[PDB]
Each structure stands twice: as structure tokens, then as C-alpha cells.
Q: 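Have a look at this one.
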Amino acid sequence: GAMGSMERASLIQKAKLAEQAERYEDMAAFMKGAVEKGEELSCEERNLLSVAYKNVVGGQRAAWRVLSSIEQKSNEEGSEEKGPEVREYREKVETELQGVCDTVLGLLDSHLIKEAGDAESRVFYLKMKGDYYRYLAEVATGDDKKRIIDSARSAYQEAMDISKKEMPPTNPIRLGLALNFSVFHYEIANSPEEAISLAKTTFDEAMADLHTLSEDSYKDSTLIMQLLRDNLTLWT
Amino acid sequence: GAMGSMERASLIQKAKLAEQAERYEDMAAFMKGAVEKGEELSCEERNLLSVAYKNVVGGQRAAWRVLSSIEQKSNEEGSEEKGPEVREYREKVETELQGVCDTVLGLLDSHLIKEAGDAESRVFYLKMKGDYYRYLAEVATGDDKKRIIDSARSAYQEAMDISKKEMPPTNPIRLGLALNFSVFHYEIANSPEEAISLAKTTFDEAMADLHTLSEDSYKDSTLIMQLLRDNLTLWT
Amino acid sequence: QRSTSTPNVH
Amino acid sequence: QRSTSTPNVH
Ligand SMILES: *SCCC(=O)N1CCC(O)(c2ccc(Cl)c(C(F)(F)F)c2)CC1
Ligand SMILES: *SCCC(=O)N1CCC(O)(c2ccc(Cl)c(C(F)(F)F)c2)CC1
Ligand SMILES: [Cl-]
Ligand SMILES: [Cl-]
Ligand SMILES: [Mg+2]
Ligand SMILES: [Mg+2]
Ligand SMILES: [Mg+2]
Ligand SMILES: [Mg+2]
């Protein structure tokens with residue numbers, strides 16, 4: 001690995017610099033190098049890893065949607081056939097996206113999840129696993145779409161089970177997990193009623209616990225609660 | 001070259017797809033492959049080449065400025081010394097930026113400029129040469145800053161000489177060349193008075209020729225004229 | 001319009 | 001504030 005010769009602390013420092021520079025491919029490579037040092041990650045370091053790869057895969061998802069739309073249009077009655085290039089380039093971007101997802105899933109499997117024993121770290125990583133299987137599901141069409149969806153579901157479910165046992169209903173990790181699992185239900189699993197029920201129950205249980213929070217924690221929780229509300233408004 | 005096996009027309013098609021997807025590194029690689037086929041470029045193809053590399057180097061310039069600012073701050077009385085990492089990462093980005101500039105200058109030298117005989121193509125390429133030497137100048141500090149600046153100046157000057165002989169004063173190629181040369185004077189060459197004089201004369205000579213233009217050409221010319229005005233407002 | 005997932009927090 | 005150079009036109 002090209003980061004093998006760099007100090008862990010230097011990789012984290014440069015990840016933060018890359019973030020400031022909006023150089024998210026670099027930021028992800030630095031954080032991959034930091035993970036591969038083999039030590040567990042702090043909460044700030046877990047967040048750097050997530051921010052980096054979410055930005056990288058986010059650009060790929062956006063590009064893939066543009067290209068898939070063009071391809072779908074090209075494949076309709078009355079469309080002048082224009083050769084293999086749209087499909088080829090959509091496939092190129094898709095393969096790069098799947099590669100990023102596989103890299104993240106690899107870091108989680110080797111060995112972030114198995115070393116994560118505290119609820120805050122373990123739920124964070126299992127949510128990430130669900131998220132990157134969900135991004136794989138977004139582009140899956142062959143035999144394995146069903147198995148990819150089930151892998152996402154399983155990871156989210158393990159994360160949910162832990163979060164409900166170990167975290168208050170306002171906890172931001174728990175809230176964002178529920179948000180993303182509800183997105184999985186609506187957008188991937190063809191289960192909009194489950195998505196709505198999860199978002200509603202999550203919102204209501206958090207509302208009832210807000211009185212326990214400081215001003216700063218109240219701000220964190222209500223920001224994510226607003227996203228649940230936004231989706232419920234979209235979905236209903 | 002990894003694009004050597006792809007058809008010229010397929011490379012141009014995919015450059016346009018990459019543009020739609022905002023995948024400008026891909027767009028630049030496709031256009032490099034198209035240039036290396038060895039045929040001259042049409043006006044649309046020249047524009048694709050310019051759009052691609054300007055977006056790539058633009059991201060690098062933005063990142064380099066962020067990192068250089070952090071480095072400059074770190075190097076001031078009362079700044080806790082934080083090791084070599086800021087300098088290292090600024091150097092990494094700087095080297096990547098210089099590489100992109102060298103790639104573009106290489107395509108112009110081998111062999112776009114020497115095959116460009118019409119004024120519209122030759123001025124376009126010489127302006128590009130000035131622009132990418134100017135981007136090199138923005139990060140140059142060693143012995144060669146003077147020679148890089150002179151190379152930019154020389155290319156812009158050859159382009160200006162042709163444009164004034166062969167193009168009307170409202171021509172958008174001529175106007176954007178004058179705009180960028182005025183930026184060179186103000187931002188690189190420490191010649192703000194030359195920058196102002198060039199921007200003013202360019203603006204005034206175009207104003208006097210607008211009556212000759214169609215609605216569509218009038219829109220093109222006045223849009224660039226506005227940029228000259230914006231700079232004059234900034235500079236005075 | 002696609003559903004909103006958890007955004008980045010720097 | 002830096003001077004404005006010729007922008008991209010798609
Ligand atoms: S420290 C391990 C957990 C972690 O790093 N997280 C969990 C969830 C947070 O997404 C979060 C915190 C606060 C807010 Cl306001 C938001 C959001 F509303 F989504 F912006 C997210 C950040 C990362
Ligand atoms: S076809 C060879 C010239 C070429 O491709 N150009 C020259 C200048 C143009 O920059 C241009 C044209 C019209 C407008 Cl409104 C602008 C600008 F105002 F800067 F947006 C630029 C485009 C590329
Ligand atoms: Cl391709
Ligand atoms: Cl570095
Ligand atoms: Mg037809
Ligand atoms: Mg595929
Ligand atoms: Mg001190
Ligand atoms: Mg250097």
C-alpha cells in the first residue's frame with residue numbers, strides 16, 4: 001500500500017488537510033492508510049473515514065445516475081442508435097463505484113467491525129456496511145441484486161438491534177441509522193410502508209426524549225429529526 | 001496510451017458524456033486520446049479540450065491555494081510547529097497541478113500549434129499555451145519563475161499579434177485572449193497599469209464594433225466585455 | 001425526488 | 001479577490 005511508509009498521525013493530519021481542500025479522493029486514500037495501520041479508530045477518525053468515502057461515492061452515484069438516464073433514453077422506441085459508447089462509459093463509472101464500495105466493505109471486514117465492541121463504534125460501522133451494500137444495490141441488476149439487498153438489510157438490522165438496546169432514542173448515531181434504514185426500505189426494498197412506520201416511530205420516540213438533552217445535543221438530534229420529517233413529507 | 005485502442009469519434013462522444021456527468025478527469029483523458037489520434041480539432045472539439053482541462057486544473061488551483069494559505073499561516077511567528085505534513089501535501093498537489101499543465105503544454109507542442117494555420121485555431125491554442133504557463137507561474141518560486149512568466153508572455157503576445165490582424169475587435173476568441181492577458185499582467189507580471197490599459201482599450205474597441213453584430217453574436221461579445229468591466233471595477 | 005439519507009457532518 | 005479570467009462555455 002502506498003501509505004504504508006507514512007505515520008498514522010501524519011495520515012490523519014493529511015486527511016484533515018484534504019478535507020479543507022475538498023480533495024476527497026486523497027482524503028479517502030489517507031484514511032484507508034490510517035485504517036490499515038490496524039489500530040481502532042476514534043470517533044473523530046471514524047467520521048473522517050465516513051466523510052471521505054461518502055463524498056467519493058457520492059460523486060460516482062451522481063455521475064452514474066446521469067449516465068444511466070442517458071442510456072435508458074437511448075434505449076427507447078424512436079431513439080437513433082448511437083453505438084456502444086453510452087453503455088461502455090456507464091459500465092466504466094459503475095465498475096469504479098463498485099470498486100469504492102468493495103474497498104470500504106473490505107476495511108469494515110478486515111478488521112474494523114470485529115474489533116468494535118462499544119455500541120457507538122459498532123453501530124457506526126454496521127450502518128456503514130448497510131450503506132455501502134445499499135449503494136451496490138442501487139446499480140445491481142444481475143443474479144446478485146437479491147443477495148446484495150439482503151446483505152444491506154442484515155447489516156442495518158444488526159445495527160438497529162444494538163442501537164435500540166444500548167442508545168437513547170435521541171442519540172445521533174441511532175437517528176441516522178434509522179434514517180438510512182428507512183431510505184433502504186423506501187428506495188431499495190420496495191417497502192414504503194415499513195419506511196414510513198420506521199421514520200414515524202423514530203421521530204416520535206426522539207421527540208419524547210428531547211427534554212433530557214443539553215442545547216447542543218438538542219440541536220444535533222433535531223437536525224436529524226428534521227430529515228426524517230422531510231422524508232415523511234415526501235413519502236406521504 | 002490507454003485510449004490508443006478507442007475510435008476518435010468514440011473518444012469525443014465519451015468526452016461529451018463525461019461533461020454531462022461532471023467527470024472532468026475522464027473528459028480530459030478522453031480528449032487527450034482524441035488529440036493523440038493526430039488529426040486537427042474542430043472548434044467544438046477544441047472547446048471540449050479546453051473545458052476538460054480547465055476544470056481539472058481549476059480544482060487543483062483551488063486546492064493548492066487552500067494548502068498554500070495553511071502553510072503560510074503555519075510559517076509565522078507564534079505558530080506551533082506541526083511537522084512536515086502541510087508542506088508535503090501542498091507539494092503533492094503542486095506536483096499534480098504542474099503535471100496537468102505539462103500534459104496540456106505537451107499536446108500543444110506535439111503537435112496542435114504547428115498544424116494550426118487558421119487564426120481561430122492558432123489564437124485559441126496560443127492563448128491556451130499562455131494560460132497553462134500562467135498556471136505554472138502561479139506556483140513557481142525557484143529559478144524558473146522568471147522563465148515561466150516569459151513563456152506565458154511570449155505565447156500571449158504571439159496570440160495577440162495574430163488576433164489584432166485577423167479578427168474583429170468583438171470576436172470572442174480575441175476578447176477572451178485580451179481578458180486573460182490582462183489577468184496575466186495584473187496577477188502575474190506585476191503590471192497593473194498595463195492590465196488596466198489593455199482591458200480598457202479592448203472594451204472600448206469592442207463597444208464601437210457591436211453595431212455590426214447579430215443578436216446572438218452581440219450576446220457572446222457583451223458577456224466577455226462584462227468580464228473586462230468587472231476586472232476594471234476591481235482594479236480601479 | 002430521492003429520499004434524504006444522513007449527510008456528512010465535518 | 002482574484003481577477004476574472006475567461007470562463008468555460010459548454
Ligand atoms: S463518533 C461516532 C458517530 C459519528 O461519528 N457520527 C454519527 C452521526 C452524526 O452523523 C451526526 C451528528 C450530528 C448531526 Cl446534526 C448530523 C446531521 F444532522 F446529519 F447533520 C449527523 C455524525 C457522525
Ligand atoms: S471555436 C474556437 C474558439 C472557442 O472555442 N472559444 C472562444 C471563446 C469562447 O470562450 C466564449 C464564447 C462566448 C462567450 Cl459568452 C464566452 C464567455 F463570455 F466567456 F462565456 C466565451 C468559448 C470558446
Ligand atoms: Cl469507457
Ligand atoms: Cl502527501
Ligand atoms: Mg431517426
Ligand atoms: Mg456492470
Ligand atoms: Mg504555543
Ligand atoms: Mg514544488
Side-chain angles (χ1 to χ4, degrees), chain A residues 20-22, chain B residues 47 50-51 53-73 93-94 97 101 123-124 126-141 145-146 148-157 159-160 163-164 167-210 213 217-236, chain D:
Chain A
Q20 285 188 81
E22 291 181 90
Chain B
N47 192 62
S50 176
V51 165
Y53 276 108
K54 187 181 203 312
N55 274 294
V56 173
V57 80
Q60 301 171 312
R61 294 163 79 202
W64 184 93
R65 300 175 174 153
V66 167
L67 297 172
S68 182
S69 175
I70 294 168
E71 186 181 16
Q72 273 162 333
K73 284 194 199 178
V93 174
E94 182 173 307
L97 183 162
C101 293
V123 173
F124 187 89
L126 288 165
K127 175 191 159 292
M128 198 179 304
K129 184 173 177 171
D131 287 341
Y132 283 84
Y133 275 112
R134 170 163 59 87
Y135 305 150
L136 287 177
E138 287 178 338
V139 305
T141 69
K145 187 141 154 302
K146 268 168 83 163
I148 293 165
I149 290 167
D150 200 54
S151 285
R153 185 186 316 271
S154 185
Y156 283 133
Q157 188 64 63
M160 294 272 299
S163 72
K164 282 192 235 223
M167 292 177 163
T170 49
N171 179 285
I173 300 162
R174 178 170 168 182
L175 288 174
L177 165 60
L179 178 65
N180 283 17
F181 198 18
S182 75
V183 169
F184 168 85
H185 288 308
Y186 191 92
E187 295 287 351
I188 306 296
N190 195 30
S191 300
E193 284 173 337
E194 186 73 15
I196 293 159
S197 186
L198 178 57
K200 272 172 177 196
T201 289
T202 301
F203 184 97
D204 291 345
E205 289 179 12
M207 177 73 28
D209 187 56
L210 290 177
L213 300 184
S217 295
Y218 171 96
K219 295 230 199 63
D220 290 335
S221 296
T222 56
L223 284 182
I224 301 168
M225 278 173 72
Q226 184 59 52
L227 302 174
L228 293 161
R229 178 56 61 197
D230 291 343
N231 282 342
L232 282 162
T233 298
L234 180 65
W235 294 345
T236 69
Chain D
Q1 192 193 314
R2 280 187 216 243
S3 306
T4 300
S5 59
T6 302
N8 291 318
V9 177
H10 275 200

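Note on naming: letters A, B, ... go to the chains in the order of the sequence lines (proteins, then strands), and numbering restarts at 1 for each one. Atoms considered below: every heavy atom in the structure, side chains included; atoms not considered: hydrogens, waters and symmetry mates.
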Q: Quick check against the 3.5 Å criterion: does B:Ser68 have a side-chain atom that pairs as donor or acceptor with the backbone of B:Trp64?
A: no

Q: Of all residues at least two apart in sequence or in a different chain, which pass the side-chain hydrogen bond (donor to acceptor under 3.5 Å, both in side chains) check with B:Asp230?
A: B:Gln226

Q: Would you call B:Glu187 and B:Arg134 a salt bridge, using N to O less than 4.0 angstrom?
A: no

Q: Using only atom types and a distance under 3.5 Å, with no angle test, would you say the side chain of B:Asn180 pairs donor to acceptor with the backbone of D:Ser5?
A: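 Looks like no, no N/O pair under 3.5 Å.
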
Q: Side-chain atoms of residues 192-207 of chain B: list all donor-acceptor pairs with protein atoms under 3.5 Å, sequence neighbours left out, distances to 0.1 Å.
A:
{"unit_1": "B:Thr201", "atom_1": "OG1", "unit_2": "B:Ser197", "atom_2": "O", "d": "3.3"}
{"unit_1": "B:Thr202", "atom_1": "OG1", "unit_2": "B:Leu198", "atom_2": "O", "d": "2.6"}

Q: Is there a donor-acceptor pair under 3.5 Å between the side chain of B:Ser163 and the backbone N or O of B:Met160?
A: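 Judged by distance alone, yes, a pair lies under 3.5 Å.
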
Q: List the residues meeting side chain to side chain contact (heavy atoms under 4.5 Å, CB included) with B:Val66, not counting sequence neighbours, and say none if there are none.
A: A:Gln20, A:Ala21, B:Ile70

Q: Can you list the residues that meet the side chain to side chain contact (heavy atoms under 4.5 Å, CB included) rule with B:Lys146, with sequence neighbours excluded?
A: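 Counting only residues at least two positions away or on another chain, B:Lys146 forms no side chain to side chain contact (heavy atoms under 4.5 Å, CB included).
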
Q: Tell me, please, which residues at least two apart from B:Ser154 pass side chain to side chain contact (heavy atoms under 4.5 Å, CB included).
A: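 Not a single residue meets the side chain to side chain contact (heavy atoms under 4.5 Å, CB included) criterion with B:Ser154.
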
Q: So, B:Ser151 side chain and B:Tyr133 main chain: donor-acceptor pair closer than 3.5 Å or not?
A: no

Q: If the condition is side chain to side chain contact (heavy atoms under 4.5 Å, CB included), which residues does B:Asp150 pass it with, not counting sequence neighbours?
A: B:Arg153

Q: Determine whether a donor-acceptor pair (N or O, by modelled atom type, separation under 3.5 Å) exists between the side chain of B:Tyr156 and the backbone of B:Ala178.
A: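 Side chain of B:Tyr156 to backbone of B:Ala178: no pair is present.
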
